[PDB]
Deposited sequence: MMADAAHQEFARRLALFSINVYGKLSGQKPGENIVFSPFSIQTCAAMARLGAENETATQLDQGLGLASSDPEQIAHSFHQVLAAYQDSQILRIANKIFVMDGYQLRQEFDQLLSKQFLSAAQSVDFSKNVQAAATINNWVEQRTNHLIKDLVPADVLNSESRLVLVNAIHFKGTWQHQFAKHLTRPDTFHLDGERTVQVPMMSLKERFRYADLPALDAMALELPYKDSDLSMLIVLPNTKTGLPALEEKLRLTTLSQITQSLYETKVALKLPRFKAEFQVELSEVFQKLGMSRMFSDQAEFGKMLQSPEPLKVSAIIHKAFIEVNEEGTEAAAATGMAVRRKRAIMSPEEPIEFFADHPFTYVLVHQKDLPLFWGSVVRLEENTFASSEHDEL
């Protein structure tokens, strides 16, 4: 249905972005919220026209070229997440003093994307960035700071679109802290580090993935249909090969493979933070016109001023420990006038924080750990 299609399109967008990020920022732990990125960009699409809009439709994987339909489909997902004890999602638009949104854009953002709105003076760009970034902090339990630098805002800025997402869940099956001990995490064939390694024997949904030379495990969050999917290469140095093989399948095909079994799990206690300016990723996914002097965003403002995207920034944070997971992310877009089975995660792996086994909220990799 609608959820499954939305999820499928988002999963493909996710692996698309992940591949470009891995290439742009090699050797570091990736974490991002594809949901946050797709939602923020879809909000911008509502104000786009012509080839600019078509590129966004195709690069984001939207199911319609009709702004009303696109908005309705995001509303279905957002409205579901309003009634949650674990998840909080928030949208807001920040608009230059004296500029008015077009009626349709305004109504779709407010009613379908549940977006708030505030007028700001971008010519006072230090002040405007503080307003934006303080709001993001409030929406992410202070985990995402300084999202939009003052230096990307100026008197030519006209609006900033922001999506924020915050997650705090408890494991259905928590780890016992007294079992956590320093243990070896293999960075590669020449390098290892000692890290706090959590240990738990329990029944989990599991899949052997021989076609991907990997194995997967699902860790559910308590009182929810949310979970963490871990995909673990069979070889210590296998993650780059696995990241390529993932493109040959889908998240839903992976999770459909899972079955409950007794597992001896080892998993590092870890935190990761990641930040990226996404313009190059978008260009590489075929969404270049939005940054150019040919950008078409004539449906955003009543003003006849031509507009383009000057920056897209994403930041994310995740903390995994014995009790559960806390994660957060935000995306800002600035627009301007022109017997047990062993599952030992002791070498690099990829993970996905998923809703209903098929909709990715967060996606990351652990390739290195300190201390």
Would you mind checking the deposited sequence against the model and listing the stretches with no C-alpha coordinates? 1-4, 343-349, 383-393
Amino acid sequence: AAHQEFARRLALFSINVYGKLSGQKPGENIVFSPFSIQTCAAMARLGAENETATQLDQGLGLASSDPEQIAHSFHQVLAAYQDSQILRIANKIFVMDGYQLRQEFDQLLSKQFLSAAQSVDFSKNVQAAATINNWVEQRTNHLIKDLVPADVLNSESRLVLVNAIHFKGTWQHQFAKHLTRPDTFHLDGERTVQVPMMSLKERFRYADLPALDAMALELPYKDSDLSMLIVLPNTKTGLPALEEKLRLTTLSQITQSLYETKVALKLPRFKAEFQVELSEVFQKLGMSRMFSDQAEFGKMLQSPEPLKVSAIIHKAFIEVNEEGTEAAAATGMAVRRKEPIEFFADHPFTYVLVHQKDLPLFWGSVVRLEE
From here on, numbers count along this sequence of modelled residues.
Between 32-40 and 63-71, name whichever shows the higher mean Cα B factor according to the PDB entry. 63-71
Which of 189-197 and 221-229 has higher mean CA B factor, as the PDB entry lists it: 189-197
Among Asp293, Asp213, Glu277, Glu137, which carries the highest Cα B-factor? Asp293
Looking only at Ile144, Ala116, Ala164, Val148, the Cα with the top B-factor belongs to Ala116
Mind checking which third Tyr99 falls in for C-alpha B-factor across the chain? highest
Entry-reported C-alpha B-factor of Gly47 relative to its chain, by third, is middle
Is the Cα B-factor recorded for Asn234 in the lowest, middle or highest third of its chain? middle
Ranking every modelled residue in this chain by its Cα temperature factor as given in the entry, which third contains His347? middle
Comparing against every modelled residue in the chain, figure out the third that the C-alpha B-factor of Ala334 lands in (lowest, middle or highest). middle
